[PDB]
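Enquirer: Could you have a look at this structure, given as structure tokens, before my questions?
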Amino acid sequence: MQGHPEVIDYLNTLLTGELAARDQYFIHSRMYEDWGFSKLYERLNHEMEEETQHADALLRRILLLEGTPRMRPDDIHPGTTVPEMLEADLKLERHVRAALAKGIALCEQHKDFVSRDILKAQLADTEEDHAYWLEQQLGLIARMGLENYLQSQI
Amino acid sequence: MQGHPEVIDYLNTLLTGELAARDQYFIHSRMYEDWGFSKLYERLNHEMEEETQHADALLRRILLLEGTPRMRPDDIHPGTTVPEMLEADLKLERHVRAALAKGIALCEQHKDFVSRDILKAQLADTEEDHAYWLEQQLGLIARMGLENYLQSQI
Amino acid sequence: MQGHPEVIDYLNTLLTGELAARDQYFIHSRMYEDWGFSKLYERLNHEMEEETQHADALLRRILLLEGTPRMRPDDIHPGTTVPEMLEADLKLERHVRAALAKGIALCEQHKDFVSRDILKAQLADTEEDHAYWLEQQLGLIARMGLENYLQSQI
Amino acid sequence: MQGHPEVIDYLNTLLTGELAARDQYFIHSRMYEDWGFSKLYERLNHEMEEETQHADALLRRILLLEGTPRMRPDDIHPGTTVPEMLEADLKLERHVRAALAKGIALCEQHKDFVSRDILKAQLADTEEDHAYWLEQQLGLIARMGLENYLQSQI
Amino acid sequence: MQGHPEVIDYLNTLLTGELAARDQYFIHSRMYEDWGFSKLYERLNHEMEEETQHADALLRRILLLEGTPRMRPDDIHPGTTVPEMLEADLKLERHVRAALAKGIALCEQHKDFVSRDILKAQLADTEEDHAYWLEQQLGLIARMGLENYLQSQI
Amino acid sequence: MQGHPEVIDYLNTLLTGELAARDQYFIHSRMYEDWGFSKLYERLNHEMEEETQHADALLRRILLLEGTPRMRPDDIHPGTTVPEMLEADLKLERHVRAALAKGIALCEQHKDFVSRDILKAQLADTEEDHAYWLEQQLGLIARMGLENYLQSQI
Amino acid sequence: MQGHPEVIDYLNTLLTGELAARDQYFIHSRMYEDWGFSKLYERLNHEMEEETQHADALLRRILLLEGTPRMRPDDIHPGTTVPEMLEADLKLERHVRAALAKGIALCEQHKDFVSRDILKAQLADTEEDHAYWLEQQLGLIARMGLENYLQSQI
Ligand SMILES: [Fe+3]
Ligand SMILES: [Fe+3]
Ligand SMILES: [Fe+3]
Ligand SMILES: [Fe+3]
Ligand SMILES: [Fe+3]
Ligand SMILES: [Fe+3]
Ligand SMILES: [Fe+3]
Ligand SMILES: [Fe+3]
Ligand SMILES: [Fe+3]
Ligand SMILES: [Fe+3]
Ligand SMILES: [Fe+3]
Ligand SMILES: [Fe+3]
Ligand SMILES: [Fe+3]
Ligand SMILES: [Fe+3]
Ligand SMILES: [Fe+3]
Ligand SMILES: [Fe+3]
Ligand SMILES: [Fe+3]
Ligand SMILES: [Fe+3]
Ligand SMILES: [Fe+3]
Ligand SMILES: [Fe+3]
Ligand SMILES: [Fe+3]
Ligand code: NA
């Protein structure tokens, strides 16, 4: 079944964004482990796997719709300290959140309700899991101080 | 069996207080989780269930005594920071403690010994579990500082 | 992430409605047990737990969206006989149904698709589980008579 | 192996009748559940599966005999109340009974003994299981009254 | 340890009452079974065992207090129909309830707090289990009719 | 709860389409087995069960909405060779796909969000499971030839 | 421990190559599944995971050596048919093979023997697993024909 070209193009834009999110969590998780923060390594390694699944869902939907997937990831922007890396990931998730919400609206307009639902599942993950967790870590640093926070992530 | 109207009215006063305690722990536990303090979420979620059971015991006793339960909870008063929320819950438990002790005396006077015993079980829970735990948390903050305390509740 | 103030306000309206539904099933289930209808106690006790979960989902979503939850339950309106209690619960569920459907429309308009989906799950529960069951009980009374119906709920 | 055209045509007549029986039990079982009679839902759901198997046996035998199956179900005639639905199903089974018995005679005449045996198995099901059960339910209503009968099917 | 003679005498009054309650449930449970109401047999057989335990607790406490137990049961008053037997048992439990409450007051006055607690446990059983169940059965008869009620106790 | 007459009518149109899809897979699966292609029998037998479930979901939703289900299946159009049967099923699924998408739009317009979600689940099944599989089989025939494809389905 | 800048730079060149290999197998495996060749999907999905591990080993070694990893994948070059995709992957693995062998020589020269061993493990995987398997598939096509080969990969 041929998808609507505007939907296919927009899924491709989301795909390159998810491939980038995967890779930014790849580098951040391994940096966290290089510094000895294994709890941060574990969480971001887990988020890398989740973005890989998000990318996979979009890639397969594009193929089903007879489109050609775009595999070049967007540029990533890693931080250099724990607070910068948390902020840089939160900035990325907020961008993903906005892009997914715009996609859902586009899918509704072109009556592609299955692509809409695929994006909705990713939007819930983005808001309620990925972005929320980052906001909580930054909140914790604010409440107990960075040194105590870092101690808790060994 | 028709209870004494003064006892039934007083059980109803306690009931609306317990429904409120349940709801104040409902909001505080979820606020604690919103900030990433899962140990505080777990304890207050547990206390919400215990106040629900306290309310249930009073509600069933009122019905057994052929009274009509009052289901409007008292006003609650949530705090806005961890120390204010702990203090606000301790203030509420101290009020419950006083109200239960007054009820036990009333039940003795009207020779309703089973209602007295129901209140005594709740008074022990209030003093030795709920209020005591809150006093201990405030004590801990005083001894190690708020930042270290908050670190311990992640 | 800050939610849209109109969505947050509307989630708060639904929240106080769910807290009330929870409490109306609290009193009805215990009245049913006071009269010896344990099958009605069991079903409405189960519905009380489900409304507690509905309230919990709304409360957590409001906090995630950086809003302040409103914890005062709406007024409840218990019946005094089995048919009045069934009708009073069906009236409440029909109100919840309308309020949720209005909320879904509002969430679509403000492009809050995750809040929309949370409400949709509750709307399905309301229509296909809660309200439908009540309609069936009233239907049964109509088909076999109230006395036979009550016999079946011991 | 090419079957006798008169046998193949008659198997096709039975097939469209069985597809209809399946569909009449489909709608009746779901109506029974819509009204809260789960024991009637369960029995008629089971009968729908049995008619599906009856249709399947005829369909496969027609193909084996190198015929082309007729897949249009006969018209169905659902009732609007429990007694009308029971009577409407009993009327249908009596028609099936007569049609199968006529088929067995035809199969004997054309010396198609395996098709005869397939019909005999369905005739036993029709008389001793499907029609008999319906006669018993109508008999029960006559002996204890419809209201008591309906109570028993919750 | 010698108990207070007024407490010992009053425990003896309760003892002969409990021995009678045991025997009234002995005859009623067996009458219920003679008529084919096995659910009523089971409940009252269970209540006979509970009154036997109530009597046993009083008997042992009297001996501990160096008193001599009075083993003559009070007169019993069995009914002749299911409603009369339920009413006759409810009348007896209400008498026991009053007698236990008077005993608790006497025990408090003579500072026999362990005998008081023994009576309190029996008072809770009497109000919340024995008398309450009887009130519920009479309530059920009132709501569905005696014939439907009796059907439910086969 | 009374559904909107336009939604109920449209659910009925989908229902008769699903009953037909069920029956077209009924005949195709059994034809595939008659020719010795057991892997094709297994897949289409499975699809027959899935369309039966799709029909069941629509039928129950129509009853819940106080409508009367239409049980006459649409005409079916079986093929006479493996390629014609695959094409005929793909044609049917494409029709179902379009009809479901039109229904979702109608349900949104009449604010029946639960019926919308029921249709969305079926649309995902139709696009991503049923139609996609058929497209893949036709694709395989194109890539390896019909004879090799048929060999693989024994 | 600070690595030699020439070794770190060369590990970074290999890293971007491995991230690309991962992504080329990502798209090819999903294309193979889109066409119904599940055995090819499974093998290339497995190779994607192996290149992810190869990239991970290089990334961690670069961090250990106090370098900054380069996360931009090299351009990929997917084929459009099964033979082109196999050839395109074999071309990539041959490039990786040459690059790893050049790296081992560089590591020996700068006396970084642990980085050398990490590359040697990847070189064995590349030659004896990845490239060899691709050569075998192309060989199979040559020996039995493409149509028979494709049949075998369903
Ligand atoms: Fe994502
Ligand atoms: Fe994300
Ligand atoms: Fe997760
Ligand atoms: Fe309490
Ligand atoms: Fe408390
Ligand atoms: Fe506890
Ligand atoms: Fe609800
Ligand atoms: Fe509800
Ligand atoms: Fe449920
Ligand atoms: Fe049949
Ligand atoms: Fe039949
Ligand atoms: Fe059977
Ligand atoms: Fe007793
Ligand atoms: Fe007793
Ligand atoms: Fe007991
Ligand atoms: Fe379907
Ligand atoms: Fe389908
Ligand atoms: Fe499936
Ligand atoms: Fe590699
Ligand atoms: Fe490789
Ligand atoms: Fe391997
Ligand atoms: Na009856």
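We label chains A, B, ... in the order they appear in the structure tokens, count residues from 1 in each chain, and number ligands from 1 in the order shown.
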Output the contact residues of chain F with respect to chain A at a cut-off of 10 Å, based on only C-alpha atoms, as an MDAnalysis selection string.
Expert: chainID F and resid 94 100:102 104:105 119:125 127:128 131:132 135
Enquirer: Can I get the residues close to ligand 6 as a PyMOL selection string, where close means within 10 Å and we count only C-alpha atoms and all ligand atoms?
Expert: chain B and resi 43+46-47+49-50+125+128-130
Enquirer: Those residues with N, CA, C and O atoms, as a short mmCIF file (atom, residue, chain, number, x, y, z; two decimals), in the first residue's frame please?
Expert:
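In the end it all went to selection01.cif:
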data_model
loop_
_atom_site.label_atom_id
_atom_site.label_comp_id
_atom_site.auth_asym_id
_atom_site.auth_seq_id
_atom_site.Cartn_x
_atom_site.Cartn_y
_atom_site.Cartn_z
N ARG B 43 6.39 4.74 51.02
CA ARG B 43 5.89 4.80 52.38
C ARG B 43 4.52 5.48 52.45
O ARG B 43 3.60 4.98 53.09
N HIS B 46 1.75 3.45 50.98
CA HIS B 46 1.37 2.48 51.99
C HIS B 46 0.48 3.15 53.06
O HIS B 46 -0.53 2.58 53.45
N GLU B 47 0.81 4.36 53.50
CA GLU B 47 -0.03 5.01 54.50
C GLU B 47 -1.43 5.34 53.95
O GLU B 47 -2.41 5.22 54.66
N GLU B 49 -3.10 3.53 51.81
CA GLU B 49 -3.86 2.26 51.95
C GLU B 49 -4.30 2.01 53.40
O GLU B 49 -5.43 1.58 53.64
N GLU B 50 -3.42 2.28 54.36
CA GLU B 50 -3.80 2.12 55.77
C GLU B 50 -4.93 3.06 56.22
O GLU B 50 -5.83 2.64 56.97
N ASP B 125 -2.03 2.51 65.77
CA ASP B 125 -1.45 2.74 64.43
C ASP B 125 -1.00 4.19 64.28
O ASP B 125 0.09 4.47 63.79
N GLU B 128 2.12 4.88 66.95
CA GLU B 128 3.32 4.07 66.97
C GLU B 128 3.86 3.83 65.57
O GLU B 128 5.04 3.49 65.43
N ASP B 129 3.02 4.03 64.55
CA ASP B 129 3.42 3.83 63.15
C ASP B 129 3.45 5.16 62.39
O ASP B 129 4.51 5.64 61.98
N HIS B 130 2.28 5.77 62.18
CA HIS B 130 2.19 6.97 61.34
C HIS B 130 2.91 8.19 61.92
O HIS B 130 3.79 8.76 61.29
#
Enquirer: Within 7 Å of ligand 2 (counting only C-alpha atoms and all ligand atoms), which residues show up? I'd like them as a list in words.
Expert: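 Residues satisfying the distance criterion: residues 21, 51, 93, 96, 125, 126 and 130 of chain A.
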Enquirer: With N, CA and C atoms retained, export the selected residues as a compact mmCIF listing (two decimals), in the first residue's frame.
Expert:
# COMPACT_ATOMS: atom_id res chain seq x y z
N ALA A 21 19.04 10.14 18.37
CA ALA A 21 18.78 9.95 19.82
C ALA A 21 19.48 8.68 20.32
N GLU A 51 15.34 3.83 21.89
CA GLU A 51 15.36 4.63 20.67
C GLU A 51 15.63 3.75 19.47
N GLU A 93 15.04 15.33 23.72
CA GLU A 93 13.71 14.73 23.91
C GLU A 93 12.60 15.75 23.72
N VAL A 96 12.19 15.97 19.99
CA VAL A 96 11.44 14.79 19.57
C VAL A 96 9.94 14.91 19.93
N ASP A 125 6.04 7.46 25.33
CA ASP A 125 7.38 7.07 25.82
C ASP A 125 8.25 8.31 26.04
N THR A 126 8.26 9.19 25.06
CA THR A 126 9.07 10.41 25.13
C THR A 126 8.69 11.31 26.34
N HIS A 130 11.17 9.05 28.96
CA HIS A 130 12.47 9.67 28.66
C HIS A 130 12.61 11.10 29.20
Enquirer: Fewer than 6 positions away in the same chain doesn't count, so skip those; otherwise give me all residues within 12 Å of residue E:72, counting only C-alpha atoms, as an MDAnalysis selection string.
Expert: chainID E and resid 12:20 23 55
Enquirer: Produce a file of the selected residues containing C-alpha atoms, as an mmCIF file, in the first residue's frame.
Expert:
data_model
loop_
_atom_site.group_PDB
_atom_site.id
_atom_site.type_symbol
_atom_site.label_atom_id
_atom_site.label_comp_id
_atom_site.auth_asym_id
_atom_site.auth_seq_id
_atom_site.Cartn_x
_atom_site.Cartn_y
_atom_site.Cartn_z
ATOM 1 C CA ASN E 12 -20.837 -17.737 86.127
ATOM 2 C CA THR E 13 -24.030 -15.983 84.972
ATOM 3 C CA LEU E 14 -22.459 -15.440 81.526
ATOM 4 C CA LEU E 15 -21.228 -19.067 81.464
ATOM 5 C CA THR E 16 -24.702 -20.542 81.929
ATOM 6 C CA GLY E 17 -25.945 -18.189 79.201
ATOM 7 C CA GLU E 18 -23.232 -19.388 76.760
ATOM 8 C CA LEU E 19 -23.922 -23.044 77.494
ATOM 9 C CA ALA E 20 -27.565 -22.304 76.609
ATOM 10 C CA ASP E 23 -27.553 -25.748 72.963
ATOM 11 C CA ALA E 55 -18.241 -21.025 77.334
#
Enquirer: What does the distance from atom CA of residue E:30 to atom CA of residue E:92 come to in Å, to one decimal?
Expert: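 Taking atom CA of residue E:30 as the start and atom CA of residue E:92 as the end point, the length is 18.0 Å.
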Enquirer: Excluding residue E:88 and any residue of its chain fewer than 6 positions from it, enumerate the residues within 8 Å of it, using only C-alpha atoms, and give them as a list in words.
Expert: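 Near residue E:88, the qualifying residues are residues 77, 78 and 79 of chain E.
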Enquirer: Please dump the current selection as a PDB file, in the first residue's frame; keep N, CA and C atoms.
Expert:
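The file below, result-v7.pdb, is the result:
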ATOM      1  N   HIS E  77     -35.104 -21.578  74.077  1.00  0.00           N
ATOM      2  CA  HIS E  77     -36.419 -21.262  73.539  1.00  0.00           C
ATOM      3  C   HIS E  77     -36.439 -21.394  72.000  1.00  0.00           C
ATOM      4  N   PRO E  78     -36.359 -22.632  71.487  1.00  0.00           N
ATOM      5  CA  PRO E  78     -36.294 -22.834  70.033  1.00  0.00           C
ATOM      6  C   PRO E  78     -37.572 -22.396  69.327  1.00  0.00           C
ATOM      7  N   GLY E  79     -37.471 -21.954  68.067  1.00  0.00           N
ATOM      8  CA  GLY E  79     -38.628 -21.584  67.261  1.00  0.00           C
ATOM      9  C   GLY E  79     -39.124 -22.823  66.569  1.00  0.00           C
TER      10      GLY E  79
END
Enquirer: Using only C-alpha atoms and all ligand atoms, which protein or nucleic acid residues are at most 7 Å from ligand 22, as an NGL selection string?
Expert: (:C and (148 or 151)) or (:D and (148 or 151)) or (:E and (148 or 151))
Enquirer: What's the 7 Å shell around residue G:48, counting only C-alpha atoms, without same-chain residues fewer than 4 positions away, as a VMD selection string?
Expert: chain G and resid 22 25 to 26 44 52
Enquirer: Could the residues in this selection be written to a file with C-alpha atoms, as a PDB file, in the first residue's frame?
Expert:
ATOM      1  CA  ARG G  22      25.461  -1.455  11.801  1.00  0.00           C
ATOM      2  CA  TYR G  25      22.590  -4.088   8.067  1.00  0.00           C
ATOM      3  CA  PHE G  26      19.685  -2.272   9.873  1.00  0.00           C
ATOM      4  CA  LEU G  44      21.408  -9.501   8.930  1.00  0.00           C
ATOM      5  CA  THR G  52      26.889  -2.617  17.313  1.00  0.00           C
TER       6      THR G  52
END
Enquirer: Per DSSP on the backbone, what are the alpha helix (DSSP H) residues of stretch 26-107 of chain A, as a ChimeraX atom specification?
Expert: /A:26-34,38-64,82-107
